[PDB]
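Protein chains in written order, with PDB author numbering: chain ew, 262 to 485, 503 to 521; chain ex, 109 to 131, 161 to 485, 503 to 521; chain hj, 21 to 59, 69 to 347, 360 to 422; chain hn, 108 to 161. Backbone N, C-alpha and C fix where the C-beta goes; we use that ideal spot for every residue, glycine too. Let me begin by presenting the structure, written as structure tokens, before commenting on it.
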Amino acid sequence: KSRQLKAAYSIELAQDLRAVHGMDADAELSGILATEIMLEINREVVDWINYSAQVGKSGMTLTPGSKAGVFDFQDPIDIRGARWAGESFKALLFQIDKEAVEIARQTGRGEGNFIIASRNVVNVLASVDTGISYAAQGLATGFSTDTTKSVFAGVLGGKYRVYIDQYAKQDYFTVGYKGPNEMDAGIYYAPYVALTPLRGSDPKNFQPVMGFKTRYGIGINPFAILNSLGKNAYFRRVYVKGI
Amino acid sequence: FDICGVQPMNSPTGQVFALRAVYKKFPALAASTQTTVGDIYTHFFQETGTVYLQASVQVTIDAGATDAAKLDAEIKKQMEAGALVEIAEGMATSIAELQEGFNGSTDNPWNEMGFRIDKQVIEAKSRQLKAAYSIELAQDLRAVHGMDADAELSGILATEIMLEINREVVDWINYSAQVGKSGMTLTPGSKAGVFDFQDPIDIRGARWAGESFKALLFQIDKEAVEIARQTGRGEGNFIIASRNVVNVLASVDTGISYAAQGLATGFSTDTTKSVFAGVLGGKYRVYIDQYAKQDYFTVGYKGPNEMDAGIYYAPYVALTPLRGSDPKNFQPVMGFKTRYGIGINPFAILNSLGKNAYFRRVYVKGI
Amino acid sequence: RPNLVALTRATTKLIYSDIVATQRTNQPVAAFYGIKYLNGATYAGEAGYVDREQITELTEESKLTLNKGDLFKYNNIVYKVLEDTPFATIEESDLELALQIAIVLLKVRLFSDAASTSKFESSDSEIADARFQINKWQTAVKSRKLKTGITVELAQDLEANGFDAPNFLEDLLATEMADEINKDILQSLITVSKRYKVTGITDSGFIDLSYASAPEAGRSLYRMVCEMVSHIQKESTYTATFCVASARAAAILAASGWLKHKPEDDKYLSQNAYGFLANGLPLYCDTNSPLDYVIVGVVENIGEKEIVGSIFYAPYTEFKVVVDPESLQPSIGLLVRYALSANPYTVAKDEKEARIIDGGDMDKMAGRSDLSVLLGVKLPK
Amino acid sequence: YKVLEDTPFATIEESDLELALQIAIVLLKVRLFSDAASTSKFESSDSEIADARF
């Protein structure tokens with residue numbers, strides 16, 4: 262399965278970048294474009310996990326007074342009687358462990374190893390455990406020498422690698438498991454082609470095109503995408519409210 | 109100074125580049170239908186419109202519930218049971234992928250990267266300051282005290298200009314910054330725009346300052362996220378804030394920033410009144426606005442590329458000297474000038507009020 | 021980029037770069053410079078202005094109460110009185126003419142204010158003010174593009190004609206581009222130029238040499254063109270330096286002895302000039318405008334700086362040729378961009394008006410050149 | 108041509124539109140209009156392009 266992007270830009274942009282500041286134009290535009298396609302494929306992974314994940318905070322993972330799949334920080338039950346944000350934030354992490362547990366129970370392979378979550382959720386979790394989720398503080402120290410928004414922040418609780426869903430649409434977290442073996446993921450991505458450059462222009466204005474193409478294919482633990507929506511034991515998702 | 113793109117002018121007009129971004162009929166749930174696990178149904182409740190419900194349990198929703206009131210009741214019971222999970226946009230998002238995935242075709246609609254990339258024309262607007270000093274001071278400062286006389290005045294003057302411009306850049310940040318603690322970053326019981334430390338909602342029930350101060354940090358993160366979302370570039374990287382706010386922040390996470398310990402340790406060695414204090418939580422580079430009028434903070438984003446700032450300062454001329462005298466009494470004239478021009482992502503400079511996605515400004519009370 | 025330089029030269033060598041001020045940019049906008057002012070005789074000094082105020086307005090009831098040695102001013106010109114009661118011997122009721130007569134008859138003298146060191150240092154006087162003010166403005170670089178290099182079946186035709194075709198076609202692309210550039214300039218020039226007007230426009234209506242009017246020799250038009258030049262000499266501070274007209278307007282109409290058909294093309298005449306008029310100014314022929322008009326104006330310089338003009342041109346290169366292999370039709374495109382403007386300060390009282398307009402906005406600059414005039418012409422048809 | 112101020116030709120008695128137009132242009136009722144435009148316009152809109160005249 263493939264995916265491709267185009268540069269879509271003017272001659273004058275490139276000319277002004279060079280004429281005005283000595284900028285490499287296409288070279289920089291290319292770096293953006295390559296970055297964007299990598300971000301887009303990472304979105305695809307997340308989107309599939311949030312598709313295939315079973316609803317969390319459900320069944321075995323419910324608190325008797327809970328609201329079925331939603332963790333609401335304005336709700337004393339979800340926060341287990343917590344007072345103030347710190348204690349409440351920890352309560353969310355505790356629900357995360359429960360999701361990790363359900364994954365272990367149904368997969369038969371093990372407890373969740375990573376968390377995919379919205380930026381608000383990541384901040385909630387990054388606010389606990391002293392400093393496990395990193396801000397990439399060396400970059401902040403140097404006034405954004407990079408932002409490197411392409412990495413995991415860290416391993417929460419000493420148990421889960423947590424990555425920011427930069428394209429989160431509502432507000433949420435998802436817990437997933439990954440074993441040592443590539444065959445024990447529950448989700449698969451298998452690069453065949455990557456970052457193959459594209460080149461061209463639009464003759465109506467003769468404006469340039471650059472771009473990137475990939476081919477990788479995807480997969481799931483079959484569990485029998504028809505057989506994955508809301509079905510895949512390796513992943514559990516929870517909607518978060520009230521942050 | 110260091111939180112903006114510069115792309116310095118070598119001519120007024122003149123311009124600065126910015127990476128401006130380019131800028161599902163779920164089946165209804167109904168009486169008698171046995172749901173399928175993982176499937177998602179639309180359900181309109183007499184109260185509070187619609188949600189999407191995802192089956193965890195293959196349950197028939199009360200076939201006798203032909204009365205919408207009864208149907209809502211059974212569904213609510215199934216929701217309580219955990220049989221049916223409630224999410225809105227999160228499911229709309231999943232189904233959109235479902236549909237597009239199955240409806241996919243290579244064809245040739247290469248998608249564009251989601252960037253517009255553009256530039257503003259920027260006039261190298263100028264500002265200046267003069268020394269206005271006498272001969273007698275110059276004579277005595279050097280002759281008696283061993284000072285460098287007007288050279289020291291020059292140092293002070295040039296510094297004041299440098300800081301005055303940094304101040305003006307901040308005013309424009311605050312002008313264009315969107316109102317923070319608004320919209321997407323509000324607590325339902327909040328007061329829409331001000332973080333008041335005497336308000337138990339804003340401080341989330343915090344017990345004294347320790348916890349209350351952290352609650353402020355949490356509001357700061359919310360702003361950082363809203364910025365990230367709107368710009369498409371990621372979390373805010375820096376904070377501009379009032380003395381009360383920075384004092385508050387300084388107390389949090391022990392050693393995030395200067396509280397003038399260099400100066401105090403050195404017994405008034407260097408006031409360094411030109412820098413950011415440090416980094417909050419290791420995440421946000423923070424500057425103390427020595428000219429803050431009330432009490433507030435602004436969270437903003439800055440990438441590695443000057444064009445990924447959302448705000449620009451493009452020094453053309455800086456701290457360039459002038460010399461003269463007033464022959465009537467010949468008192469000397471000394472002074473300095475700067476030309477820089479200022480830019481801000483257009484978001485379609504005076505018309506940028508309240509629109510700047512790279513920044514969110516929140517008022518603060520109660521410290 | 022040498023290839024843009026070559027394309028620029030191969031295109032702009034064909035446009036009227038000599039009827040406009042030429043400047044250049046390297047920025048998305050061009051920084052244009054120009055000079056404007058309020059007038069047109071003698072000094073511009075304040076000390077002198079005070080003396081004008083302190084001597085007399087020369088009103089009609091006072092013109093003859095003056096006597097030998099007295100000073101007076103009129104229409105900003107200071108004059109000394111020669112012998113007693115100047116103007117008391119002149120029957121002319123119109124003071125302006127009575128003054129011209131008084132100068133001729135030596136009743137008054139055009140007063141020179143050159144003076145001794147003593148005058149200045151003793152009175153601790155002022156210094157002359159500027160007759161001129163230096164203006165700057167910015168105008169966006171605008172563009173146009175061609176997709177005229179047709180290739181496909183034509184590519185085969187071009188290969189058949191391959192002897193010349195590669196460059197031939199680019200030269201042709203440049204030629205059509207130059208045509209469009211030149212026309213753009215001319216439209217702006219037509220618009221910015223002030224209407225020449227005498228007694229309610231060129232002797233009380235635009236000159237009309239139509240069948241029902243005056244199908245003479247074209248001599249009357251030439252008379253008005255000469256007057257247009259006078260107007261420029263009178264109001265501007267240089268002299269008209271160029272003239273452009275359609276064929277029917279003058280490039281042909283004046284070919285009754287009031288126009289020289291380029292007898293030579295390397296002496297006092299540019300390569301794109303049609304020729305030159307009997308009253309001078311290289312003549313350029315428009316050929317496109319429906320108006321059949323004549324334009325007279327000034328393009329000038331301070332040393333090497335072409336800061337004087339009604340229209341200012343400023344190309345931006347880093360004239361680009363691009364080839365796109367669409368299908369079996371690898372056509373050739375040509376992209377050109379430049380700023381084009383008039384001095385916005387001629388339509389402003391001050392910078393708070395000039396800064397909110399665009400010198401490239403010919404809606405506002407319409408009729409406000411001050412370094413050029415246009416003659417509307419009604420011709421037989 | 109672009110219209111300068113309202114109702115161009117309101118004051119032109121000429122019945123032959125071609126001449127009425129010459130009059131309107133010279134009297135600054137209408138203005139010879141250039142299609143030159145910003146670089147942004149042309150690329151952003153995926154605009155058309157001049158064909159060959161010849």
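Nearest CA to the CA of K56 of chain hj: which residue from hj:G401, hj:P385, hj:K393 and hj:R21?
hj:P385
Within chain ew, the residues that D153 of chain hn reaches when beta carbons sit closer than 7 Å:
The answer, in chain order, is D463, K465 and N466.
Looking at the structure shown, is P195 of chain hj part of a helix, part of a strand, or coil, going by DSSP?
Secondary structure of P195 of chain hj (DSSP, three-state): helix.
Expressed to the nearest angstrom, what Euclidean distance is found between the alpha-carbon atoms of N59 of chain hj and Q262 of chain hj?
13 Å
If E297 of chain ew sits next to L266 of chain ew, beta carbons under 8 Å apart, how far is it from one beta carbon to the other, in whole angstroms?
6 Å
Which ranges does the alpha helix (DSSP H) cover as unbroken runs of at least 4 residues, wholly within the segment 209-278 of chain ex, from first to last along the chain?
As far as the segment 209-278 of chain ex is concerned, its whole alpha helix (DSSP H) runs of at least 4 residues are 226-239.
Suppose the cutoff is 6 Å on Cβ atoms and the five residues either side in sequence are ignored; what does the same chain contact list for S382 of chain hj look like?
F52, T168, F341, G400 and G401
Is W166 of chain hj helix, strand or coil when you go by DSSP?
strand
Spatial neighbours of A269 of chain ew in its chain, beta-carbon cut-off 6 Å, leaving aside the 5 residues before and after
none
List the residues of chain hj that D277 of chain ew touches, going by C-beta distances under 7 Å, in chain order.
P48
Along chain ex, in chain order, which residues have C-beta atoms closer than 9 Å to that of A51 of chain hj?
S119, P120, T121 and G122
With 7 Å as the threshold, decide whether the Cβ of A280 of chain ew is near any Cβ in chain hj.
yes
At least one CB of chain hn closer than 7 Å to the CB of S271 of chain ew: is that the case?
yes
Collapsed DSSP secondary structure at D308 of chain ex in the structure displayed
helix
Interface flag, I156 of chain hn vs chain hj, CB-CB below 7 Å:
For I156 of chain hn, the answer is yes, since a Cβ of chain hj falls inside 7 Å of its Cβ.
With DSSP collapsed to three states, give me the class of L95 of chain hj.
coil
At a CB-CB cut-off below 7 Å, which residues of chain ew make contact with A365 of chain ex?
When 7 Å is used as the limit between beta carbons, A365 of chain ex is near these residues of chain ew: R380, in chain order.
Can you tell me whether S122 of chain hn is buried or exposed? The criterion is at least 16 other CB atoms within 10 Å of its CB, across all chains shown.
exposed
Given that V258 of chain ex touches chain hj, what residues does it touch there, using C-beta distances under 9 Å?
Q47, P48, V49, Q167 and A169
Contacts around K92 of chain hj, its chain only, beta-carbon distance under 6 Å, and the 5 residues preceding and following it disregarded:
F116
To the nearest angstrom, how far is the alpha carbon of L417 of chain ex from that of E150 of chain hn?
43 Å
Just the Cα atoms here: how many angstroms apart are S379 of chain ew and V518 of chain ew?
9 Å
Could you tell me how far apart the beta carbons of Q315 of chain ex and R476 of chain ex are, in whole angstroms, since I believe they sit closer than 8 Å?
Not really, about 29 Å apart at Cβ, beyond 8 Å.
Short Cβ contact (7 Å threshold) for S339 of chain hj with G326 of chain hj:
yes
Looking at the C-beta of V328 of chain hj, does it have a partner C-beta in chain ew at a distance below 7 Å?
no
Name, going along the chain, the residues of the segment 309-333 of chain ew whose beta-carbon falls closer than 7 Å to a beta-carbon of chain ex.
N311, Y312, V316, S319, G320, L323, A329, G330 and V331
Inter-residue Cα distance where the pair is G399 of chain ew and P441 of chain ex:
13 Å
So is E347 of chain hj in contact with chain ew if we call contact Cβ pairs under 7 Å?
yes
Identify which residue in hj:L415, hj:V258 and hj:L111 has its Cα closest to the Cα of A278 of chain hj.
Checked all of hj:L415, hj:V258 and hj:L111; the closest Cα to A278 of chain hj is hj:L415.
Taking only runs that begin and end inside the segment 281-367 of chain ex, name each unbroken beta strand (DSSP E) of 3 or more residues, in chain order.
314-316 and 331-333
Under a Cβ-count criterion, where at least 16 other Cβ atoms within 10 Å of its own Cβ denotes burial, should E125 of chain hn be classed as buried or exposed?
exposed
I think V221 of chain hj touches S413 of chain hj, with their Cβ atoms under 8 Å apart; what is that distance to the nearest whole Å?
7 Å
For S145 of chain hj, which of helix, strand or coil comes out of DSSP?
coil
Tell me which residues of the segment 168-194 of chain ex have at least one Cβ-Cβ distance to chain ew shorter than 8 Å, keeping chain order.
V174, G175, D176, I177, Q191, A192 and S193
Are the C-beta atoms of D358 of chain ex and some chain ew residue less than 7 Å apart?
yes
What is the rounded straight-line gap between the Cα of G304 of chain hj and the Cα of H290 of chain hj?
Rounded to whole angstroms, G304 of chain hj to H290 of chain hj spans 5 Å at the Cα level.
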